[PDB]
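Cβ atoms come from the backbone with ideal geometry, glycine included; neighbour counts cover every protein chain shown. Any read-out appearing in this document is the output of simple, stated calculations on the displayed coordinates, not a laboratory observation.
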Amino acid sequence: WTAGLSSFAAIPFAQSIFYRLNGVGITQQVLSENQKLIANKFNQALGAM
Amino acid sequence: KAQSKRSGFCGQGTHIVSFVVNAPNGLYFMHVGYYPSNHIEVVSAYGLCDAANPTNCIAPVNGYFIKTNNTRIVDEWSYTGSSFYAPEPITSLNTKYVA
Amino acid sequence: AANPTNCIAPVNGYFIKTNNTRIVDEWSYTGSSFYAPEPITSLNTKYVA
């Protein structure tokens, strides 16, 4: 969360996507764990583009 | 109207105060902006797990530099967190830490 | 005197008798409910002033 400046530096890309998804939508980290091949579905979406 | 909750345009990085100046044949904007001018690498501690039911997790900043309770992310000092700085959310499963 | 102290978080402010303020335009929208822990005490003690 870069609230002020670049002091926050860097965070793991995969973890950042999960946290941002949790904030944007009701999908939660526990729900994401229940969901299977979520990353594979994201890869399929990139392939479709 | 508000320095906070503004997309970056008033100043590079942080913006503190905004002023209005009358340019000839137009409007001139003068803004006060904060630039770090130095960077020092310190290890963060993404929250902590405690015996209390709500664990202490640092929502405003990524982590705590030392003792799992530090607040020297600003210009100077090494003040330690007293837990007032970090809001307490519902505990989330993780290894001896909020993570 | 106790560790919790009067503080301004939303409209807040007010004078004697702790908080006597209304977030809504209509006066006395909130009786004075809020409480909560106070993070720190500023200079000119007995008052956040």
| task | Would you kindly derive the ³J(HN,Hα) couplings of segment B:84-92 from the backbone phi angles with the Karplus curve 6.51 cos²θ - 1.76 cosθ + 1.60 (θ = phi - 60°), listing them in order in whole Hz, with x for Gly and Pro? | result | 5, 4, 9, x, 9, x, 4, 4, 10
| Under 18 Å from the Cα of B:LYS96 - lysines, other chains or at least 8 residues apart | B:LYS67
| request: Throw me the Rg/Rh for the protein assembly as shown, computed over C-alpha atoms with Kirkwood Rh, two decimals. | output: 1.03
| query | Long-range amide H contacts for B:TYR34: which residues qualify at under 5 Å (H placed 1.01 Å from N, peptide plane, sequence gap of 5 or more or a different chain)? | reply | B:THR14, B:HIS15, B:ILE16
| field | Exposure proxy ranking, count of Cβ atoms within 10 Å, fewest first, for B:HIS39, B:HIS31 | value | B:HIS39, B:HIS31
| message | How would chain C be classified by its alpha-carbon gyration tensor: rounded, prolate or oblate, with rounded meaning a/c under 1.5 and the a/b versus b/c comparison settling the rest? | response | prolate
| remark: Ranked on Cβ counts within 10 Å of their own Cβ, fewest leading, B:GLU88, A:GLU33 go A:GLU33, B:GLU88
| note | The residues B:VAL98, C:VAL48, sorted from fewest to most surrounding Cβ atoms within 10 Å, come out as C:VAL48, B:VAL98
| What base-10 log of the normalised intensity I(q)/I(0) is obtained for chain A from the Debye formula, alpha carbons as equal point scatterers, at q = 0.14, 0.22, 0.25, 0.28 Å⁻¹? | -0.46, -0.90, -1.01, -1.10
| said: Per residue of segment B:32-45, what does 6.51 cos²θ - 1.76 cosθ + 1.60 with θ = phi - 60° give for ³J(HN,Hα)? Whole Hz please, x for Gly and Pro, Karplus curve as stated. | reply: 9, x, 10, 10, x, 6, 7, 10, 10, 7, 9, 7, 7, 10
| Using 1/(1 + (r/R0)^6) with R0 = 35 angstrom and r between the beta carbons of B:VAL42 and A:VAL30, what's the FRET efficiency to the nearest 0.05? | 0.65
| task | Please give the per residue volume of the convex hull enclosing the alpha carbon atoms of segment B:26-88, rounded to a whole number of Å³. | result | 125
| said: With θ taken as phi - 60° and the coefficients 6.51, -1.76 and 1.60, list the Karplus ³J(HN,Hα) couplings across segment B:60-71 in order, rounded to whole Hz; mark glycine and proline as x. | reply: x, 10, 4, x, 10, 5, 9, 6, 6, 7, 9, 9
| What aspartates and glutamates sit close enough to A:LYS41 to cross-link, taking a C-alpha to C-alpha distance under 18 Å and skipping anything fewer than 8 places away on the same chain? | A:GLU33
